[PDB]
Amino acid sequence: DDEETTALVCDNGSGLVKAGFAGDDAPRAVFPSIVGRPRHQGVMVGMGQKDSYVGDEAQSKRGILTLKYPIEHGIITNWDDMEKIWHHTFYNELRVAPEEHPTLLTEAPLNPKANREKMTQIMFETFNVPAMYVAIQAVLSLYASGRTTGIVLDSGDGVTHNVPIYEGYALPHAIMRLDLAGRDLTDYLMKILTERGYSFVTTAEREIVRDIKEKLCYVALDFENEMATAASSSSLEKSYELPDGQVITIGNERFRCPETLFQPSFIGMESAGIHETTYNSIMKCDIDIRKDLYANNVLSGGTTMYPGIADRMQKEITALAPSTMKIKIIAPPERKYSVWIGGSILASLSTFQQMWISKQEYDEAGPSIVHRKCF
Amino acid sequence: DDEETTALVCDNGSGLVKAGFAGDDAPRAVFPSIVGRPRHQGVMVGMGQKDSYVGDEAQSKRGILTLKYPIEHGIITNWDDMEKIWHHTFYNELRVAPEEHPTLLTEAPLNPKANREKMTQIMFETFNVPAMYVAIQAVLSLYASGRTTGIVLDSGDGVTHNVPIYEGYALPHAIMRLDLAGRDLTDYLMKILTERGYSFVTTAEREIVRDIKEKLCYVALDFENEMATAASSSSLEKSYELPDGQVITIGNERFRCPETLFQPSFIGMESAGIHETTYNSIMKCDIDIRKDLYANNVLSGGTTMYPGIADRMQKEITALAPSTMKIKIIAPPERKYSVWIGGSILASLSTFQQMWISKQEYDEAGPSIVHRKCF
Amino acid sequence: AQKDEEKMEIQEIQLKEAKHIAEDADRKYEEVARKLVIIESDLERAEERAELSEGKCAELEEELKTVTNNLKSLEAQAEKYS
Amino acid sequence: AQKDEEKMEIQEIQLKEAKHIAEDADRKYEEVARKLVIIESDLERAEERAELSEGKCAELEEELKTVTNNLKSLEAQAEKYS
Amino acid sequence: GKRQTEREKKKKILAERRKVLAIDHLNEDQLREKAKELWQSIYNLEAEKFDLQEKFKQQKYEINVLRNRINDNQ
Amino acid sequence: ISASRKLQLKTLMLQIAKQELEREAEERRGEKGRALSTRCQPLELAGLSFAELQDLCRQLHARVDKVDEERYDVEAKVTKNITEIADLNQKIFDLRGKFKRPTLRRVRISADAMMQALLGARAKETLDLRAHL
Amino acid sequence: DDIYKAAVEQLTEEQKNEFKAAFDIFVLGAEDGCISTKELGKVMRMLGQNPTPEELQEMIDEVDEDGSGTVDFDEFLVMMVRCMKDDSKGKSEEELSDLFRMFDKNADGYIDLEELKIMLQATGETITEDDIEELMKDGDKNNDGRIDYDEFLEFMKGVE
């Protein structure tokens, strides 16, 4: 190596922004992507009260803020807040000016064009980066596993998408994007907790319900047997201490919250669960690469971290699939940061070094350059 | 081996290229003759993806390729692909530079002249061989049987031709070339499989239908009795496992696919079957060599490997022929490579060593030398 | 005294985090124990069955050789008959 | 304040013990991960070799069947020509 | 493979390989010294050709081994 | 039998192979020098006239240019061999690349060690807020 | 002894003195220096680079198999040398290529049992039916007719 510089592998995500320099093992700074203006009046003078706390600072003052995520389902709904989040990420969590570093954003499949074009326009005009490239969030997760084939189910917090890939040739007609993800599971858990008496309403208490979901919920291997067991014994009731005391006891809400993934009829969604959209995504592929996709099913994304999901999904697919094929589910322990590790690997490649969208190219063709050859 | 110089007995064929050094028993490298460009986009960078996989490599990546044979019916329709196939055959499957080896191609009877002239021009200009010779595919199959008379029916995969020979004197006015062959049987099988629900459309799935035809189909001794039996019992239904599971059951499609050979009206062809074009080819011969041709009927080529064809053909010819003559059908177990074995024997002869088209001769008369005395 | 109390609260939170570490470590370790045992058992069985198949294949080789020789004999007899 | 200092030092030694337990768990985790990676690789190889053996057994079986049937037919014909 | 291009490249390289001087502007001992230097140069040429011959031998050996080992997959 | 003894025997085998290979390498270099000296007939120009020496030098010039032609042919052959060598290396890389995607990289670099700076930042901000008030 | 003395040089006299201070740390202390047995487990409990269970079983096979209740300086260093990373990286791919090209005297694309036998006897080691046969069971992992390229490529990983 020598001259030259390092690339910034940012990964907007929806729920946790993960960033860091290319070539490492883990993102340098991981912090929730929330921007919360204060809502009360404020009487102390000279306290140095800011007008908007972003990132991990607003998870400590959340008692008097109104947190609001700037990314709803993959798409970005509030561009000013997203710009604020990016500015914070560059200047305070990494402390590297963007004028001297290429960036590699990530984007969900099948997203609106205007979102991607606005993203590149911001990165080139406001932050004024040298060159930026946008990559699909599933190809990176396939990089991180060290494979070159396989069908990856990247169940993030915003949107769950299922991109099949063979021998490096992506199959654009077999991408099945479903909008059920971690946020809907948080809302459903917050809605079923009311059956015991605990009411969480404020946008700050959604974070508490998210913590409950992360620490207690698990995916049942067989749903009916668990529903019958939890209704007779009491070996499942695990307690949890709120941020002020008054411990709560979660009964059969433990495995009913993440069960929504396999039965989206619980939250009123029509579509089939993540156990059947993978099989449908496979069956749309050609008849000769189905064995390889069956054997190399990859899990990624945060929401696939529930204890006991890699067995439930395998059981379901084995039920659906033909009896002869072998069904194997790759669930690496570093699931949460799989997309970012793959992004680092891709940015560190020499063959990839000429695919960046150089600034002079953007100046000649406008923001619509991203849809062109430089994808 | 050592000093000296061995000849390359290549045999283009249509469906399987068979090659090897002269003087052996079996071809050294046998691989399908297909060249398939990738058709999807491709997202992995640096995977080392080539622009065209030829030979046996494209029968393993056929899930994302569009295989296309460069030889339609004996004739060559796509010269660039055929040149690519030859280059692969010489350099990677045999690893012998052509600058130091004579070549012996093979060609079907009654083929267009331009095909043969272009073949010799390529072999002399691009690969720059020392000397090449083109031989009719049926005389070699007669060599391999160790005979010197007989009428040989060489039902390849591209074209079925029927060359009668007596005492070494070929009869040019009695060659009956028919364009029904293995490929049309594959297409007809793929077309009648749709009567049970199995639809194969992609050019990759034609290979799967070809495998079904090879492993299951057989020629019925009597057609009507088999049609009646398969419609009452179920002792014929043999099952087969696709490349992904979902076994299929072939009923009376088993003996209906290769029956097209004896009734070309099934695929709409007007002409008579291979059982009657042989008798017509015999009857065009002189009245005094018909007994010898009756007694020495030779089968060759791949498509004559169906289980039970050497009895059906004998029964049919015995029905047509006069009752006194003895009808005998020579069906050696090494039928598929019979042409190449004969080619090796012919290239190994000392008397033949001065029939090659030497390069200086081509330089003096141009590519039209092949039609001249050096046939 | 107030400074000491602040120190105590800090120590309390750190102890909490440590116990949290302990629990997560134990859980992951038990998980990997399960996977280890299942993988090992299946590996053993797969090796066994594969070796069985290898033995049967060798037997088939010998059978095929016998049949080939006998076919050679019958063919010679038939041609002489002709 | 004296009582608080006592509790502070007690929590301090407890925190050091916690850190050491954390490091021990970390090492165990790395170790078990290594083991699992190795055994899984072995699983891959075992399954693949099993498949190869099974396929070859299938092919040899089929060829045996075909040649045996042909030999039987030719034997019948030898008797016929007798 | 378009031997015209190979011939053009050969002409360019022979221009690179061209070392041609005067022939009738020296005395006897200078002629002898030039002949000795030319002999040393052609000795270097022989050494480089032998090195290339053995290198090509090793190339062919490794090509055969790699070809076989990639063929061993199936 | 036991792993340690077998590894010792393998190490001995490798060392014997390495020593015999070094011996053959020095033998090859010496034989190559001997053959290179043998190939050229030595030049003896003592007592030569202008015509004799000039014709000898001109013929040596022509033969040197011929040697240049021969080396050009051989080096073109060798360059094609280099191309196919690189192609075979690339093909082995492609055949091994099914699982070798995440292999060529560097991980566990910087972020693994820094953990207690966040606690210091929190303490510093709380202390600043308390001291300012 | 030559391998043994090389291993002694691996944990050289400077390393010997550092680990001598460590040994005094994990010895009983305030006694005659008789040297007991469990201290080699104490160094496992102390050093952090804990000796592997394979090291423990090798020690058990050499020491305490008489229930020795103590470990010699020689057995102590035998245990210690197997803990510190005296690795050789398993040579390099180029050296593997050269060695296996030499072993492929017949240039068959692999190494045969005959070539392995003549090479291992060419090193002077007693290669009897205890070898080759066990090397078929141990050295030949594939056992698919010969020793193929990857077989001896990976068979010598991290070894000398």
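We call the chains A, B, C, D, E, F and G, going by the order they appear; numbering starts again at 1 in every chain.
In this section, a contact is a pair of C-beta atoms (placed from the backbone, for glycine too) under 8 Å apart; a residue touches a chain by one contact, two chains touch by 3 or more.
Taken together, chain E and chain F share the touching chains B, G. Considering the contact criterion stated above, the chains in touch with chain F and with chain G alike are E. Of the two interfaces, E-G and B-F, the higher number of touching C-beta pairs belongs to E-G. Separating the CA-averaged centres of chain B and chain F is a span of 48 Å.
Taking each chain's centre as the average of its CA atoms, chain A and chain C sit 31 Å apart. Mean C-alpha positions place chain C and chain F at a centre distance of 39 Å.
Computed centre separation for the pair chain A/chain F is 45 angstrom, with centres defined by C-alpha atoms. Among all residues of chain D, those that touch two or more other chains are 33, 47. Residue numbers of chain F whose C-beta contacts span two or more other chains: 91, 97, 101. Residue positions of chain B touching 2 or more other chains, listed in rising order: 44, 47.
Contact residues of chain F toward chain G in the complex are 1, 4, 6-18, 20-21. The residues of chain F lying in touch with chain A in their complex are 97-103, 105-112.
Only residues 28, 32, 35-36, 39-40, 43, 45, 48, 50, 53-54, 56-58, 60-61, 63-65, 67-72, 74-78, 81-82, 84-85, 88-89, 91-92, 95 of chain F touch chain E when the two sit together in their complex. For chain D in complex with chain C, the residues that touch the partner chain are 1, 4-5, 7-8, 11-12, 14-15, 18-19, 21-22, 25-26, 28-29, 32-33, 35-36, 39-40, 42-43, 46-47, 49-50, 53-54, 56-57, 60-61, 63-64, 67-68, 70-71, 74-75, 77-78, 81.
Only residues 56, 92, 95, 126 of chain B touch chain E when the two sit together in their complex.
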